[PDB]
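Scroll down for the structure; my scribbles are underneath it.
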Amino acid sequence: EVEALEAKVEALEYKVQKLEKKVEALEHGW
Amino acid sequence: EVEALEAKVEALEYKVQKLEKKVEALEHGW
Amino acid sequence: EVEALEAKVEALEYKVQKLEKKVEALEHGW
């Protein structure tokens, strides 16, 4: 259960970093 | 503590999937 | 490993709440 949590958290961090970049582009009009 | 982590990770995955859909709509102009 | 997971999940929750606010502003044209 801890290894499952670790993989899903790593996948969320990647997905969150992707969202942050996309939203910054939207906010800044890049 | 592991069960708390599991519930919060499941809630983050739902919230992240909601954000992904909303951002795709914004990016694609849907 | 559980404490590392806890800190990273807390950081994701903050980052996700920031994204939610920013996306709501984008969607509502605030």
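A short reminder: the numbers here are calculations on the coordinates, not readings from a lab. Positions of Cβ are generated from backbone atoms using ideal geometry, with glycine treated the same way; all protein chains shown enter the neighbour counts.
Under the condition of being hydrophobic (A, V, I, L, M, F, W, C) and at the interface with another protein chain (Cβ under 7 Å from one of its Cβ atoms), which residue from region C:20-30 is surrounded by the fewest Cβ atoms within 10 Å (Cβ to Cβ)? Filtering first and then ranking leaves C:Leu26. When region A:1-19 is filtered for residues that are of a type outside the set (A, V, I, L, M), at the interface with chain B (Cβ under 9 Å from one of its Cβ atoms) and either in contact with a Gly (Cβ under 7 Å, 6 or more places away or on another chain) or under 16 Å from C:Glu6 (Cβ atoms) (or both), the ones remaining, listed by number, are A:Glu1, A:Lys8.
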